[PDB]
Amino acid sequence: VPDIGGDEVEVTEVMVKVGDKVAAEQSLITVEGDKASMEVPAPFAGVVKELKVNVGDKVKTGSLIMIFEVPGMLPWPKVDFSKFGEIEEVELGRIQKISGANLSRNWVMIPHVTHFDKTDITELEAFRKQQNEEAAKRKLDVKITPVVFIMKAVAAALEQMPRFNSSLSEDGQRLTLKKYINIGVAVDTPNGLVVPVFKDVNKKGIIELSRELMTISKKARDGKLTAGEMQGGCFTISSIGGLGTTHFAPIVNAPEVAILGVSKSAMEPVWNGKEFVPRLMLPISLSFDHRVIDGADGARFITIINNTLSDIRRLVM
Amino acid sequence: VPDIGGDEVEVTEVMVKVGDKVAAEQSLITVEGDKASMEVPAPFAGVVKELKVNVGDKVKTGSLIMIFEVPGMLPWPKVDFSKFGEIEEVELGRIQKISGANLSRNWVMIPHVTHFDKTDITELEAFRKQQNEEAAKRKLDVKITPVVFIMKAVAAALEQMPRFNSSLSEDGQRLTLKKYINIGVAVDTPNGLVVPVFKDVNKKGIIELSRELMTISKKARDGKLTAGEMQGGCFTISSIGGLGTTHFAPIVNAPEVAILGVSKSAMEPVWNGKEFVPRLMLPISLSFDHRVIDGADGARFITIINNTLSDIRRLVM
Amino acid sequence: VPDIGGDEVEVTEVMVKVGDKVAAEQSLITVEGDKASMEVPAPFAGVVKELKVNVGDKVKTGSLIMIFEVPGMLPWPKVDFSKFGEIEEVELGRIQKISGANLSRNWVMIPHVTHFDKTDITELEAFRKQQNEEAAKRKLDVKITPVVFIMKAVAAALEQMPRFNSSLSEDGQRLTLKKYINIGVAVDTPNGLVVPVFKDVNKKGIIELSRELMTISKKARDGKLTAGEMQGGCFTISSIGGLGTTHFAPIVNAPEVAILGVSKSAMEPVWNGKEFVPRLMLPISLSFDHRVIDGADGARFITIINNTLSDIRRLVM
């Protein structure tokens, strides 16, 4: 298996045939882990020699699957839910159970603090529309979403405030200051929100990032999201602005220390000093772990993001 | 000698004492080559053992100077210039003679073509003033000149059109497509224009580049400009906008293939589609070698520069 | 071979079959000369008898290929371009080498002088749009570009000032006043700018010229540009207005004596005597050989072009 963080994953099916030869990096086996099922890519090209794995198998990590050729709280409220009407006791899927356990751990073990803010993105939206036009009449086949600008702004903010690109230990006594900047971006698949991770966001440009995002969003909404494309995230951006919620307080995505939720952009009046100009404010909200970061550092971080997205030219400085 | 392109340079004086110990990278010896006299830096720290070089010596390359411890055209018009008045036959300095020979070679051997253009830099100037304010009230001690934005725009244009980051041979039959992007920026010292080279402009940010430029401009205007800080340039930017010349046609700086001259920014009316808005147009002029580049490629290059400087946000894409 | 100016051209391939019979004037053989590869047309119709030429042959002029049936300057700067980064020493194609040699001869042997000018073409553009509409609803399948009006204006100017329709000798002592008016128009093929020549521009109308131009532009951009369609030019029009460069100084296309570069039309304010009316100015630039023409004659020529294109009705006078 090329890259699983160390969880025992149960196979669902395989992609190959006895005698088939596989391309450079394409699907061979789907395995149903956490978040969503992942398709192992190919390491190289070659015809099949081993069905060392089959349909229904299970691998924890680095197993040869293919050879080729080339205190005392009250209990939950016991209620007879059927005495008031008709019920239907559905049972949560395994990914739903796992996500619930992960969130119930992050809620207890992380002291959350949520700073809300609003970013004037009128210029950013005008520029994004202009670049979506220019990238059309030049036949690039790329769509620049408002999320890649936020990824760049958050990468800049992690460059300036490296305390936010950290992670605590089990006991919460040793920090892990990361020097790389990967950012997960919560994509909405029919099976809930999955977080694919984009690597080295601080270096890549907005068009390369936009191509990566346009690819991986579809890769997730289809279910073919490959492992390693959901591991090693330093930060999370949960954008639900396409649906509403003028603000919301997300949950920190352990083992990270912060998460930026993005809301629906709205045209609001802004005081220019003498009158109310109609600008387009985007409500962001930084929910962070209070053990690593304090209120002032969260304030400086979200105001760095606000300044960067307010005038995107600050990404070249 | 740490880095001379292979020219025999004559020493002027030394910077050290018998027994003195020198710092990491500071002056040891000044040598009067082409363009301007260069101060050899230190390779390391250590007390003096050899005055292997002295005052008045001459080195062509890699000489141990210190050991430490730790067809038929008409002739020129023969005129008796004194029969009309009083004259004074001054003789050109050695750097003036060398620069004249270099320019008289570049004029003959290079077919120049000069494309003029005007760039709407109203937004760029507003943003530069805003960042000069913000970099003051935050005590950065940096001054962001309009030239670093042009360096970034030219680096972007060399990324997009790599044919401009080239160099021809003696016979003009083999090109040398360079992959690095260094840009010389003509600084005006009391001894004329010297071109110091800034390396990897495509990667560095505008504030790092602005610090480099603020340092090396003074380093040149004082004369302490070190070698290697004037070698390996892929492009040249000759900015004379501080003096006038609404346009000018520079001479290609061999062995490069192009040079961008910059003129004085002026507030001109621009057709927005229905009226004349007063914008701030900066006149640029790309003078390039016709043997490598043709008129259409020069047009695309200067319009890439014009688009980048017109909306600097295109540096993040 | 029907028409090569006297250069030894190397064959690339043939267009026919043993037994095939060829039409009136269509492709038989492609030969890779200067500027671009040319397809020899047919002189007549008839079935094949000789493969007197083959694939890879070479002809200098009039060879039977088919029978049918029916002082001391400094050297170039020696730089080790790899000590600053990674390079890639590509070698120029044969057409690039030839064009570089031609331009490096024209630069030395021709004293260039470039007169810039701006032409009010508001009426001309309105009339061209009107005729493009009228030539559509009448099903002519012709597109009238702004370049045919410039060809007509330059033909008129060559009629009025016949000194510009000239050519010098090797020694530059005997002029050759041409009486015909052919005009090359620099078309932009993927292999650079090629100049196809349109004959007797002074007589043909704008719709016939527009059909010729629409045909030969595609003929060049595809590579099927036939010889004789790039020979015998009295003048050159290099139009790069589709790309930018508000002005540019082209290189005289020897053995001609002048060249008109055309830039991007822009809406500028023009003094009507009492106010600034927004007109559409087209920046032209006449670069001419100073040995034949002087500054005043160039001024009169470019002002004739400016007057003609300013009010195109002067083409009937």
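Swiss-Prot numbering applies to chain A: residues 211-280, 384-630, in that order.
Every residue gets a Cβ built from N, Cα and C, even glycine.
The active site feature in Swiss-Prot is assigned to A:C547, A:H603, A:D607. Marked as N6-lipoyllysine by Swiss-Prot on the basis of experimental evidence: A:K245. As annotated by Swiss-Prot, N6-acetyllysine applies to A:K396. Per Swiss-Prot, the feature region 'Hydrophobic' maps to A:542-567.
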Quiz question: given the recorded positions A:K396, A:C547, A:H603, A:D607, which has the greatest number of C-beta atoms lying within 10 angstroms of its own C-beta?
A:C547
Looking only at C-alpha atoms, tell me how far the residue listed as 'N6-lipoyllysine' is from A:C547 (active site), rounded to the nearest Å.
17
Within the region 'Hydrophobic' (A:542-567), how many residues are helix, strand or coil going by DSSP?
0 helix, 4 strand, 22 coil
Can you tell me the CA-to-CA distance separating A:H603 (active site) and A:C547 (active site), as a whole number of Å?
16
What is the Cβ neighbour count of the residue listed as 'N6-lipoyllysine' at a 10 Å cut-off, with all protein chains included?
21
Write down the Cα-Cα distance for A:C547 (active site) and A:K396 (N6-acetyllysine), rounded and given in Å.
48
Give me the Cα-Cα distance between A:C547 (active site) and A:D607 (active site), rounded to a whole Å.
18
